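>>> Here is my input; please provide its structure:
(6 chains, ligands or ions: 6)
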6 protein chains.
Amino acid sequence: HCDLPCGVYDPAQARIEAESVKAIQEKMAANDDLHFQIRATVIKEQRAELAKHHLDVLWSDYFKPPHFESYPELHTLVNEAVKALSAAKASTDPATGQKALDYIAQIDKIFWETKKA
Amino acid sequence: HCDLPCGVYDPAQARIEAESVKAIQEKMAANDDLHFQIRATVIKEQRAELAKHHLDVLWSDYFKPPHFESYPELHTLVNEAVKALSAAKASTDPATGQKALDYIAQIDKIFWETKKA
Amino acid sequence: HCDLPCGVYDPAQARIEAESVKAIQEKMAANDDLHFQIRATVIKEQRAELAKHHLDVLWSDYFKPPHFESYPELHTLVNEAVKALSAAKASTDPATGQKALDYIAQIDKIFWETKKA
Amino acid sequence: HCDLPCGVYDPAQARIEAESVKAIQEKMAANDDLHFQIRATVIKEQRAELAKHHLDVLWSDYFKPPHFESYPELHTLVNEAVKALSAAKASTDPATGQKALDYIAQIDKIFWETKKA
Amino acid sequence: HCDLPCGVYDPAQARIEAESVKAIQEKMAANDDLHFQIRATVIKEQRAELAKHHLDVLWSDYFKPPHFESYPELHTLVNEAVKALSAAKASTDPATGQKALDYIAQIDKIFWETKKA
Amino acid sequence: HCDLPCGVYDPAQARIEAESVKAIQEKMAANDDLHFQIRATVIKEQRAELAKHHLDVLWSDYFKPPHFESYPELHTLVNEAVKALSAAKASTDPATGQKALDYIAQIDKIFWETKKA
Ligand code: NI
Ligand code: NI
Ligand code: NI
Ligand code: NI
Ligand code: NI
Ligand code: NI
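Numbers count the residues shown, from 1 in each chain, chains lettered A, B, ... in the order given. Ligands and ions are numbered 1, 2, ... in the order given. Coordinates below:
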């Protein structure tokens, strides 16, 4: 995932950051304190960005043409996952974080299938 | 391109960085000093990574679902573009840099097209 | 602009970031939702900082002694441009973003003169 | 791990980066090309630095006084783990990479025990 | 502090960053404006994170096993210092900023003792 | 130095990084091992860049029009210091590092004089 390439990839990198995004949204629903809301917003923004980056790397570095052929829906799925993460940055509703996690789980399923080749 | 979103995007951000990648390769062919080769490799890696990032942003943030419909080859185009940049990272041949610049040139055309649409 | 040096420079890097700063300020006037204001402020801070970095690079790396000799106002001009960006960070008024853009345009004009020459 | 805090932690982040480190050391032994050696060295340095950061976060954010009391060796363990990652930066021997992974495995074990608790 | 290693370390790096934290907390009590509060929180978050980073570097790179044996309280001291910085992030009370600073002083004293020795 | 502004500045930040740059150059002269040379180059590059960043901030954020009026040589002195740092990036000669340290000492002197007035 370092583009050497190193041959070491794992959707867990994206998942763990997306889990923080959703966990932050959940905590935002419980505390309306201004300062807390500002910090949560700032940190959620950064974790979502990191999650988007990990997915972009899977898409550009790990998945190859044969993969995009075996799963003709892969491009859309990844593009949807990153767009779902952008929507999560702009929201405090845990449902947006959940949508991103759902898309990531599907990407993760495909990923390990390509690992079984 | 900041994901606010701000409504400001431009393939030029990617081109300028890719231009440094090619310029660096050309300098690499003419100067074989070790320390220069080390510094040049390091910097080319960074500029190419910034180029990939700029393209990833256009793909994930700028291009909307309707855009991919109107240009069903855009997914592959951007994916080849980023991979072309990855190839440039592992090459001192100015042609690799040019290849990446060529893909970016196509993407730039579809971009301005969606802008005027 | 990578300090190799690579020979590739373009004030357009600073301008695009400055354009985002202004565009964000424009939007901040039309939406007073608290979370939107927080995200807008956070993101404007980053785009302004990037614009400052790009100008600093032009000043330290691209412009050389003969240039400062030919344009004795250049040092002040760049310094004012970066200070204008700092003021844009601390403000929601689109005028502050515009002022930074106007200095950048002046810098850009001087830049292309040094290129043609 | 974002310090909000979000409540989401996983030694896996550290492990994935450390695996890249060892994987790169292995590839280096096989390819003696100068440019590949440079890229491998640069990238290994970055992945190791990331691994160190992830471990630093667990030590400073996740682990609390009660944990250090129940595990009097934790401070030294984590410290030795990060120092091992430092040794891995300065080495091409895949063994140095394994030593870091071994330490991370120990931290991981203590981690989940504090989770199940 | 760069981990080459370069043999150049100084708790000053952490102290200056921790100083901005307290200074910002003080300025926050003097201005209730929303945008100012947002910016101050955003910037305080960054400065504290850098201070934590600098202490982590000292803890993992500068201090060697003998130091932790010579000063049995060192591990706990550094850990308390970074946690105090995390507490400053989540607070606008200049006191939290000061507390983190007092810890840094104690660490700075031990640092010099190990130096002169 | 964070641009809030926070009111906390110190040329020492630049100095400490420049000191690592010269130290690294000295080490490079005593060890010709390829991998050490690669790491030393990569690290010296990052430290020199950070030193430049710190000087850029002093120039853009700390020094004001009255200071530039009082010290007509200030613009040139700072620009010389950052160029000296760029030269040290491209060199293994400790003399280039020492030249940057010399300019920083002059800037430091002026800095503290402005603190006395
Ligand atoms: Ni990798
Ligand atoms: Ni944007
Ligand atoms: Ni360049
Ligand atoms: Ni977290
Ligand atoms: Ni160092
Ligand atoms: Ni500051």
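>>> so what's residue A:52 up against?
A:82, A:85, A:86, B:60 (Cβ atoms under 8 Å, 6 or more residues apart in numbering or on different chains). The C-beta positions use only the backbone N, C-alpha and C, and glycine is treated the same way.
>>> What about residue A:64, how many residues nearby?
Here the count is done by other Cβ atoms under 10 Å in any protein chain shown, and residue A:64 has 11 residues near it.
>>> same check, this time on residue A:54
Counted with other Cβ under 10 Å, residue A:54 comes out at 23.
>>> Could you find the closest non-adjacent residue to it?
Counting by Cβ to Cβ, 6 or more residues apart in numbering or on different chains, the nearest residue to residue A:54 once its immediate chain neighbours are dropped is residue A:14, at 3.7 Å.
>>> Pretty sure that neighbour sits against residue A:47.
No: counting by Cβ atoms under 8 Å, residue A:14 does not reach residue A:47; the two are 10.5 Å apart.
>>> and the lengthiest helix in chain A, does that touch ligand 1?
Among the segments of chain A that qualify as a helix by DSSP state H, the longest is helix A:34-57. No: taking Cβ under 5 Å from the ion as the criterion, helix A:34-57 and ligand 1 are apart, separated by no less than 8.2 Å.
>>> ditto for stretch A:60-74
No: Stretch A:60-74 lies apart from ligand 1 when judged by Cβ under 5 Å from the ion; the minimum separation is 7.4 Å.
>>> and the closest residue to ligand 2 within chain A, what helix or strand is that in?
With distances taken as Cβ to the ion, chain A approaches ligand 2 most closely at residue A:86, which sits 10.8 Å away. Using DSSP states H and E, residue A:86 falls within helix A:74-89.
>>> what's the spacing between residue A:24 and chain E?
Using Cβ to the nearest Cβ, to the nearest Å, we find residue A:24 at a distance of 13 Å from chain E.
>>> again with residue A:83
Residue A:83 sits 25 Å away from chain E, taking Cβ to the nearest Cβ as the criterion.
>>> Give the burial count for that residue, as a bare number.
By other Cβ under 10 Å, 19 other residues sit near residue A:83.
>>> Thought residue B:60 was touching it, still the case?
Yes: assessed by Cβ under 8 Å, residue A:83 is found in contact with residue B:60 at 6.5 Å.
>>> before we move on, back to that, quick check, distance from the helix holding residue A:86 to the centre of its chain.
Its chain's average C-alpha position is 7 Å from that of helix A:74-89, according to Cα atoms, centre = their mean, to the nearest Å.
>>> for stretch A:14-21, same thing?
Averaged over its C-alpha atoms, stretch A:14-21 has a centre that lies 6 Å from its chain's centre (Cα atoms, centre = their mean).
>>> same thing with stretch A:71-79?
A distance of 14 Å separates the centroid of the chain from that of stretch A:71-79, by Cα atoms, centre = their mean.
>>> That one: which residues count as buried?
Applying a neighbour-count criterion of 16 or more other Cβ atoms under 10 Å in any protein chain shown, one finds A:71, A:74, A:75, A:77, A:78, A:79 buried in stretch A:71-79.
>>> residues in contact with the third one?
With contacts taken as Cβ under 8 Å, 6+ apart, residue A:75 has the following neighbours: A:59, A:68, B:68, B:75, B:76, B:79.
>>> repeat that with 6 Å
Residues touching residue A:75, when contacts are defined by Cβ atoms under 6 Å, 6 or more residues apart in numbering or on different chains, comprise residue B:75.
>>> cool, the first one as well?
Residues touching residue A:71, when contacts are defined by Cβ under 6 Å, 6+ apart, comprise residue A:110.
>>> What number of residues are in the vicinity of residue A:40?
22.
>>> Contact partners for it?
The neighbourhood of residue A:40, defined by Cβ under 6 Å, 6+ apart, consists of A:24, A:28, D:4.
>>> so the last one, which of the three states?
Taking DSSP: H, G, I helix; E, B strand; the rest coil as the rule, one finds residue D:4 in the coil state.
>>> How about it: what's its closest non-neighbour residue?
Among residues not flanking residue D:4 along the chain, residue A:43 sits closest, at 4.7 Å (Cβ to Cβ, 6+ apart).
>>> Surely that neighbour is in contact with residue D:6?
No: contact criterion Cβ atoms under 6 Å: residue A:43 and residue D:6 do not qualify, at 7.1 Å.
>>> Those two: who's more crowded?
A count of neighbours by other Cβ under 10 Å puts residue D:6 above the other of residue A:43 and residue D:6, at 23 against 20.
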